[PDB]
Structures are given as structure tokens and as C-alpha cells.
Amino acid sequence: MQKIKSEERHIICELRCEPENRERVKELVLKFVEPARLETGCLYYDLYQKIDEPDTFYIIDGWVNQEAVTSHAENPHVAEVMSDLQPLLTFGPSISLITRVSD
Amino acid sequence: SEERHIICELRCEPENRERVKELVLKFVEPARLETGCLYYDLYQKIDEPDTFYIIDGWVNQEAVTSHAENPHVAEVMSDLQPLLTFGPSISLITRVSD
């Protein structure tokens, strides 16, 4: 159960854009959602928006293990959406790979 | 929409890494028992272990506010504050979707 916990990999990914591209950025990032959840080792995957700074988005997702999150980062559909997103971003996806300490 | 989620970042000096981890864990079970708590978990950044994140969700604004005002939270925060070099930096966010 502790080997299960420690094997998980979670990701916080921060993205920011200019006010004018807020709707377009939101639309693109949503595309990552359902396909990511269908990836087999995906525990969860959700897009969030900062309440006081709507130009700031966070993607929070969890994976069964390193291999699942790595397979996810290498996914063609992820790269394809990332390609369209990059030019709209003022703060490029800032990724934090983390592990769960709490049971 | 009504939900409120929080990303809370904390950083410490390498030397207090274990002590900071022990204290933050104390927020865990009591937070999960708070009415309106959807989830509450502590994480550590893999490549920078001196950085922790607390990710928690609440049913609504009232629940998260009641949480921020909780005495147990303040007590643990009192012990933690001197061990921290950064934060607790809080980002209040809402789940985007369609």
C-alpha cells in the first residue's frame, strides 16, 4: 500500500496567457482532457483556472507510475496540442512532477 | 464551478525537510474530517525535495473559508512558519470544463 503510494506520479502544470487568448487557450487545453483520462495508467486529469487571475491555468493529473506518466509525455496527441498551445502562452507549461507523501 | 480547489506550495531548507514533512502531515486527517472537504493530500517535488505541495478540494467557498479559519490549521501553521523559506503560497482555483 506504501509501495503503491510511492509509485504514483502526479503533475502540476501551470500555463498563463494574455487576456485575448484566454478563450482559445482554454479550448485547446480541454482537448488534452478526455484522451488523457483514456490513457490506461491515468488516475485523474483536470484543468483548472485561477479565480483571481483567469489568465492562469493549472493542469493537475495523476498516474499509476513513472512509465504511465512518461508514456503520457511522449504521446503524439499531447505533443500535437502542445504545438498549437506554445505560441499562445506567455508562461510555457511549467511542470512539477511530485509524489504523494500522505496515505 | 461551485467547487474550490487549492494548490499550496511550501519550501524549506534541506536540513528541515524531514521536520517540515512531519508537521504538514498533521493537517491531513483533521482536514479530511472537515465538512465539505472533497480531498486533501501532501506531495513532495521529486527533483527538488525541499518543495512540498498540498492539493485539496472543497465543496464550496464556505467550506474552504471555514478551513482557512480552523484552529487546528492555525496551530500547525504556527509551528511550521519558522521552518519555511517560502509560503504557504496558496492558489485558489476552480475546475474548468464544459
# chains A, B, ... in the order shown; residues from 1 in each chain; ligands from 1

$ residues_around --residues "residue 48 of chain A" --least-positions-apart "6" --cutoff "8 Å" --atoms "only C-alpha atoms" --output "list in words"
residues 57, 58, 59 and 60 of chain A; 93, 94, 95 and 96 of chain B

$ closest_atom_pairs --of "chain B" --to "chain A" --cutoff "8 Å" --atoms "only C-alpha atoms" --output "Markdown table"
| residue | atom | partner | partner_atom | distance |
| --- | --- | --- | --- | --- |
| B:25 | CA | A:102 | CA | 6.7 |
| B:28 | CA | A:102 | CA | 7.5 |
| B:41 | CA | A:102 | CA | 5.9 |
| B:42 | CA | A:102 | CA | 5.4 |
| B:43 | CA | A:100 | CA | 4.4 |
| B:44 | CA | A:98 | CA | 5.4 |
| B:45 | CA | A:98 | CA | 4.4 |
| B:46 | CA | A:98 | CA | 5.3 |
| B:47 | CA | A:97 | CA | 7.7 |
| B:91 | CA | A:50 | CA | 6.9 |
| B:92 | CA | A:50 | CA | 6.2 |
| B:93 | CA | A:50 | CA | 4.4 |
| B:94 | CA | A:48 | CA | 5.5 |
| B:95 | CA | A:48 | CA | 4.4 |
| B:96 | CA | A:48 | CA | 4.9 |
| B:97 | CA | A:47 | CA | 7.0 |

$ select_by_dssp --residues "chain A" --states "helix (DSSP H, G or I)" --output "PyMOL selection string"
chain A and resi 2-7+19-38+66-73+76-88

$ select_by_dssp --residues "segment 8-37 of chain B" --states "strand (DSSP E or B)" --output "PyMOL selection string"
chain B and resi 8-12+37

$ write_last_selection --atoms "N, CA, C and O atoms" --output "tab-separated table (two decimals), in the first residue's frame"
chain	number	residue	atom	x	y	z
B	8	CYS	N	-1.22	24.63	-2.63
B	8	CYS	CA	-0.47	25.34	-1.62
B	8	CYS	C	0.98	24.86	-1.66
B	8	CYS	O	1.26	23.70	-1.35
B	9	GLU	N	1.88	25.76	-2.01
B	9	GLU	CA	3.29	25.44	-2.08
B	9	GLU	C	4.07	25.88	-0.84
B	9	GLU	O	3.89	27.00	-0.35
B	10	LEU	N	4.98	25.00	-0.39
B	10	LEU	CA	5.80	25.23	0.79
B	10	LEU	C	7.22	24.82	0.48
B	10	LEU	O	7.42	23.76	-0.11
B	11	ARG	N	8.20	25.59	0.93
B	11	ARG	CA	9.58	25.23	0.72
B	11	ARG	C	10.34	25.44	2.01
B	11	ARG	O	10.02	26.34	2.78
B	12	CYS	N	11.39	24.65	2.20
B	12	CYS	CA	12.20	24.75	3.39
B	12	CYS	C	13.66	24.55	3.06
B	12	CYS	O	14.02	24.29	1.91
B	37	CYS	N	-14.84	18.87	2.82
B	37	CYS	CA	-13.56	18.50	2.24
B	37	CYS	C	-13.75	17.38	1.26
B	37	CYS	O	-14.32	16.35	1.61

$ residues_around --residues "residue 41 of chain A" --least-positions-apart "3" --cutoff "12 Å" --atoms "only C-alpha atoms" --output "ChimeraX atom specification"
/A:7-10,36-38,44-45,61-72

$ write_last_selection --atoms "N, CA and C atoms" --output "mmCIF file, in the first residue's frame"
data_model
loop_
_atom_site.group_PDB
_atom_site.id
_atom_site.type_symbol
_atom_site.label_atom_id
_atom_site.label_comp_id
_atom_site.auth_asym_id
_atom_site.auth_seq_id
_atom_site.Cartn_x
_atom_site.Cartn_y
_atom_site.Cartn_z
ATOM 1 N N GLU A 7 4.715 4.770 -5.740
ATOM 2 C CA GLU A 7 4.890 4.525 -7.170
ATOM 3 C C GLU A 7 4.126 5.572 -7.976
ATOM 4 N N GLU A 8 3.049 6.122 -7.419
ATOM 5 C CA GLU A 8 2.303 7.152 -8.127
ATOM 6 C C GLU A 8 3.144 8.369 -8.488
ATOM 7 N N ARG A 9 2.719 9.048 -9.535
ATOM 8 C CA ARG A 9 3.384 10.262 -10.000
ATOM 9 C C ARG A 9 2.304 11.243 -10.341
ATOM 10 N N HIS A 10 2.371 12.427 -9.751
ATOM 11 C CA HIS A 10 1.353 13.430 -10.003
ATOM 12 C C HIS A 10 2.029 14.594 -10.650
ATOM 13 N N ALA A 36 -6.483 12.011 -22.335
ATOM 14 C CA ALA A 36 -5.542 11.728 -21.238
ATOM 15 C C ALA A 36 -6.171 10.747 -20.260
ATOM 16 N N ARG A 37 -7.431 10.988 -19.903
ATOM 17 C CA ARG A 37 -8.137 10.082 -18.997
ATOM 18 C C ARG A 37 -8.259 8.657 -19.557
ATOM 19 N N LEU A 38 -8.184 8.521 -20.880
ATOM 20 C CA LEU A 38 -8.331 7.229 -21.533
ATOM 21 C C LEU A 38 -6.980 6.515 -21.542
ATOM 22 N N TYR A 44 -6.250 10.399 -12.768
ATOM 23 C CA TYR A 44 -7.150 11.540 -12.927
ATOM 24 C C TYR A 44 -6.461 12.614 -13.779
ATOM 25 N N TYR A 45 -7.240 13.550 -14.321
ATOM 26 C CA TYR A 45 -6.704 14.618 -15.159
ATOM 27 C C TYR A 45 -7.757 15.711 -15.245
ATOM 28 N N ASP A 61 -2.870 16.297 -12.791
ATOM 29 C CA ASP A 61 -3.136 14.920 -13.224
ATOM 30 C C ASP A 61 -2.284 13.906 -12.474
ATOM 31 N N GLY A 62 -2.804 12.689 -12.306
ATOM 32 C CA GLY A 62 -2.082 11.636 -11.563
ATOM 33 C C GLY A 62 -1.922 10.357 -12.352
ATOM 34 N N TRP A 63 -0.805 9.677 -12.146
ATOM 35 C CA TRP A 63 -0.500 8.479 -12.906
ATOM 36 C C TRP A 63 -0.088 7.288 -12.012
ATOM 37 N N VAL A 64 -0.433 6.065 -12.416
ATOM 38 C CA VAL A 64 -0.106 4.874 -11.628
ATOM 39 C C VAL A 64 1.398 4.708 -11.388
ATOM 40 N N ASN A 65 2.217 5.134 -12.342
ATOM 41 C CA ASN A 65 3.665 5.016 -12.213
ATOM 42 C C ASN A 65 4.427 5.839 -13.236
ATOM 43 N N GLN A 66 5.755 5.861 -13.073
ATOM 44 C CA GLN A 66 6.683 6.580 -13.955
ATOM 45 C C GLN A 66 6.477 6.290 -15.423
ATOM 46 N N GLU A 67 6.218 5.027 -15.718
ATOM 47 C CA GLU A 67 6.069 4.563 -17.087
ATOM 48 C C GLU A 67 4.823 5.147 -17.715
ATOM 49 N N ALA A 68 3.740 5.206 -16.948
ATOM 50 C CA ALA A 68 2.498 5.783 -17.448
ATOM 51 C C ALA A 68 2.640 7.288 -17.710
ATOM 52 N N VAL A 69 3.290 8.010 -16.798
ATOM 53 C CA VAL A 69 3.443 9.451 -16.989
ATOM 54 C C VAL A 69 4.444 9.742 -18.120
ATOM 55 N N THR A 70 5.476 8.906 -18.237
ATOM 56 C CA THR A 70 6.455 9.062 -19.321
ATOM 57 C C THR A 70 5.783 8.771 -20.670
ATOM 58 N N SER A 71 5.026 7.676 -20.744
ATOM 59 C CA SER A 71 4.282 7.314 -21.952
ATOM 60 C C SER A 71 3.341 8.450 -22.310
ATOM 61 N N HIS A 72 2.821 9.137 -21.284
ATOM 62 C CA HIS A 72 1.924 10.269 -21.481
ATOM 63 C C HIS A 72 2.652 11.472 -22.058
#

$ atom_distance --atom1 "atom CA of residue 32 of chain A" --atom2 "atom CA of residue 73 of chain A"
11.4 Å

$ residues_around --residues "residue 71 of chain B" --least-positions-apart "3" --cutoff "12 Å" --atoms "only C-alpha atoms" --output "CSV table (one decimal) with N, CA and C atoms, in the first residue's frame"
chain,number,residue,atom,x,y,z
B,27,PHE,N,-1.8,18.2,9.2
B,27,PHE,CA,-3.0,18.9,8.6
B,27,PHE,C,-3.9,17.8,8.0
B,30,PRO,N,-7.2,15.6,10.0
B,30,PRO,CA,-8.1,16.6,10.5
B,30,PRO,C,-8.8,17.3,9.4
B,31,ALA,N,-8.1,17.6,8.3
B,31,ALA,CA,-8.7,18.4,7.2
B,31,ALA,C,-9.7,17.5,6.5
B,34,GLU,N,-13.0,17.6,8.0
B,34,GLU,CA,-13.8,18.9,7.9
B,34,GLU,C,-14.9,18.7,7.0
B,66,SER,N,-14.0,28.2,6.0
B,66,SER,CA,-14.1,27.6,7.3
B,66,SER,C,-12.8,26.9,7.6
B,67,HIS,N,-12.2,26.3,6.5
B,67,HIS,CA,-11.0,25.6,6.6
B,67,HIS,C,-9.8,26.5,6.9
B,68,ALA,N,-9.7,27.6,6.2
B,68,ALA,CA,-8.7,28.6,6.4
B,68,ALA,C,-8.7,29.2,7.8
B,74,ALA,N,-4.4,26.7,12.2
B,74,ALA,CA,-3.5,27.8,12.7
B,74,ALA,C,-2.5,27.3,13.7
B,75,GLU,N,-2.8,26.4,14.5
B,75,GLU,CA,-1.8,25.8,15.4
B,75,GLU,C,-0.6,25.2,14.7
B,76,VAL,N,-0.9,24.3,13.7
B,76,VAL,CA,0.2,23.7,12.9
B,76,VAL,C,0.9,24.7,12.1
B,77,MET,N,0.2,25.7,11.7
B,77,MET,CA,0.8,26.8,10.9
B,77,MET,C,1.8,27.5,11.8
B,78,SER,N,1.5,27.7,13.0
B,78,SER,CA,2.4,28.4,14.0
B,78,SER,C,3.7,27.7,14.1

$ residues_around --residues "residue 88 of chain A" --least-positions-apart "4" --cutoff "10 Å" --atoms "only C-alpha atoms" --output "PyMOL selection string"
chain A and resi 15-18+20-22+24-25+83-84+92

$ write_last_selection --atoms "N, CA, C and O atoms" --output "compact mmCIF listing (two decimals), in the first residue's frame"
# COMPACT_ATOMS: atom_id res chain seq x y z
N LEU A 15 0.15 27.18 -16.71
CA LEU A 15 0.12 27.83 -18.02
C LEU A 15 -0.50 29.22 -17.86
O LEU A 15 -1.51 29.36 -17.18
N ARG A 16 0.06 30.22 -18.53
CA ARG A 16 -0.51 31.56 -18.49
C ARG A 16 -0.55 32.11 -19.91
O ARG A 16 0.30 31.79 -20.72
N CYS A 17 -1.52 32.97 -20.18
CA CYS A 17 -1.68 33.56 -21.49
C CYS A 17 -2.15 34.99 -21.34
O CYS A 17 -2.37 35.49 -20.24
N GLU A 18 -2.24 35.67 -22.48
CA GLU A 18 -2.73 37.03 -22.50
C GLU A 18 -4.24 36.97 -22.51
O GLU A 18 -4.79 36.01 -23.03
N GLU A 20 -6.53 38.20 -24.22
CA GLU A 20 -7.13 37.98 -25.53
C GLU A 20 -7.16 36.54 -25.99
O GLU A 20 -8.00 36.18 -26.81
N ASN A 21 -6.23 35.73 -25.50
CA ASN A 21 -6.17 34.34 -25.90
C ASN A 21 -6.72 33.39 -24.84
O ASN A 21 -6.60 32.18 -24.98
N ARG A 22 -7.34 33.95 -23.81
CA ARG A 22 -7.87 33.18 -22.69
C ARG A 22 -8.84 32.10 -23.17
O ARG A 22 -8.74 30.95 -22.75
N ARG A 24 -9.25 30.91 -26.34
CA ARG A 24 -8.59 29.99 -27.23
C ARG A 24 -7.69 29.00 -26.47
O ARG A 24 -7.69 27.81 -26.78
N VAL A 25 -6.95 29.48 -25.48
CA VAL A 25 -6.08 28.60 -24.67
C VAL A 25 -6.90 27.56 -23.92
O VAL A 25 -6.51 26.41 -23.85
N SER A 83 1.96 21.78 -29.45
CA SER A 83 2.48 22.57 -30.56
C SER A 83 1.61 23.79 -30.84
O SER A 83 2.14 24.88 -31.12
N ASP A 84 0.30 23.62 -30.78
CA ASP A 84 -0.64 24.71 -31.03
C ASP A 84 -0.67 25.70 -29.88
O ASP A 84 -0.84 26.90 -30.09
N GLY A 92 5.14 29.32 -20.41
CA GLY A 92 5.12 27.96 -21.01
C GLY A 92 4.81 26.89 -20.00
O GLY A 92 5.14 27.08 -18.83
